[PDB]
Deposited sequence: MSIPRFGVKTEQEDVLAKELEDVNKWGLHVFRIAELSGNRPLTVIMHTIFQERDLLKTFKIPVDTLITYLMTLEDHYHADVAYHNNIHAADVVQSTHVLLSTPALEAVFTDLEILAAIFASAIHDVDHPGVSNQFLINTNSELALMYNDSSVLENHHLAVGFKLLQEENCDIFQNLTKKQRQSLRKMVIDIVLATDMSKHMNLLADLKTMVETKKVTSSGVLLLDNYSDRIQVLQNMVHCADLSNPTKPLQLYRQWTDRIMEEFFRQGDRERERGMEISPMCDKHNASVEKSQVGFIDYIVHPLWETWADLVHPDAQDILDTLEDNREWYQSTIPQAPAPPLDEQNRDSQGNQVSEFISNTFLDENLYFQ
């Protein structure tokens, strides 16, 4: 079993890693094994003096607080986002741009970015006056929760993977991670994109040049957001699994809404769905504009990704046998 898992992990630097296969092979520990592998590849254990047993212990704990019963926002998604971020960080256009701390921050942010997700949206949690929305005053509810849990777990037995950073490194890392995970709130998408556009419009090269924290963090925020929205850019056999999972999760939310006598949210009604037209819309209004801008920023490194995305769009379009627009307006605008 171990041998086969090792063969699959050889694709860790490649877009299109077989993450589901890794999940089955690892006993449903894709986050732990992927993070460990990445930490080895990038030499982050040596650089930040992270004892290996402490890493494994934190990763297993973090993984356990992802909900296996949630079809999309689970540990497999977290592993995917981590690995996608890891690839993006290695793009030629960003060679030697980020420090090791900034690299650690982006990867860690990716690992924790949806931890303890309950399988329902911010808007559902607000509309039901949930405990979470009450705790966080209706703003970036889940994202604030992912951060609090992700950090709190460092305090469990033998979990403090940052015990040998300096006080200043710990503060800087904490701040970057917060900035990154809060930018994963989907309602911030337009603002992020506008900023990313501006950065492209004024980019300097020699490889990209980034003079200040503000510019660097912005790129990391967009990078992890791209990773979060990367499913339609993946080989189609992966994409389609992600699509089935997110629709399952949406339909379960709609069943909860139905049982409570609420209006069923867009995309959440299993009795009235258009899976294929909705993906086309998702790509045209959100994913393609974002990734076309990321591709400009890193031109020409992301060309294959863009091409796959455009092929994947045609496929969903070719398999077609108000809701999309309502979902977009409610999800991706501030």
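Of the deposited sequence, the ranges 1 to 11, 218 to 220, 336 to 351, 365 to 370 have no C-alpha coordinates according to the record.
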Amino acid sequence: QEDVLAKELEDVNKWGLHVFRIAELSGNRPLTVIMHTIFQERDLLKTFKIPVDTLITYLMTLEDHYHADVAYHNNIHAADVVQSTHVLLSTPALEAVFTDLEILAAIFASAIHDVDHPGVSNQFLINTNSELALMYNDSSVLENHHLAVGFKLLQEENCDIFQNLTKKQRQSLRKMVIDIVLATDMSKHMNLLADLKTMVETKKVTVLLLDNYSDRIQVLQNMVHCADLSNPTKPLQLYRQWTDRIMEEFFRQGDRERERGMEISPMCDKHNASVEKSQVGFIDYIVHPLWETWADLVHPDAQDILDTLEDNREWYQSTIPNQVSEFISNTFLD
From here on, numbers count along this sequence of modelled residues.
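Averaged over Cα atoms, the B-factor as recorded in the entry is higher for 167 to 175 than for the other of 167 to 175 and 133 to 141. Between 188 to 196 and 217 to 225, it is 188 to 196 that carries the larger average Cα temperature factor according to the deposited entry. Each of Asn158, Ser121, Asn212, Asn231 has a CA temperature factor in the record; the biggest one is found at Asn212.
When the C-alpha B factors of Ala273, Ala68, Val33, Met60 are read from the deposited coordinates, the top value falls at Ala273. Sort the chain's modelled residues by C-alpha temperature factor and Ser84 lands in the lowest third, per the entry. Remark: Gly254 belongs to the middle third of its chain, ranked by C-alpha B-factor as recorded.
In the deposited entry, the Cα temperature factor of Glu292 places it in the highest third of its chain's modelled residues. Sort the chain's modelled residues by C-alpha temperature factor and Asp100 lands in the middle third, per the entry. Residue-level temperature factors show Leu236 in the middle third of its chain, judged at the C-alpha atom.
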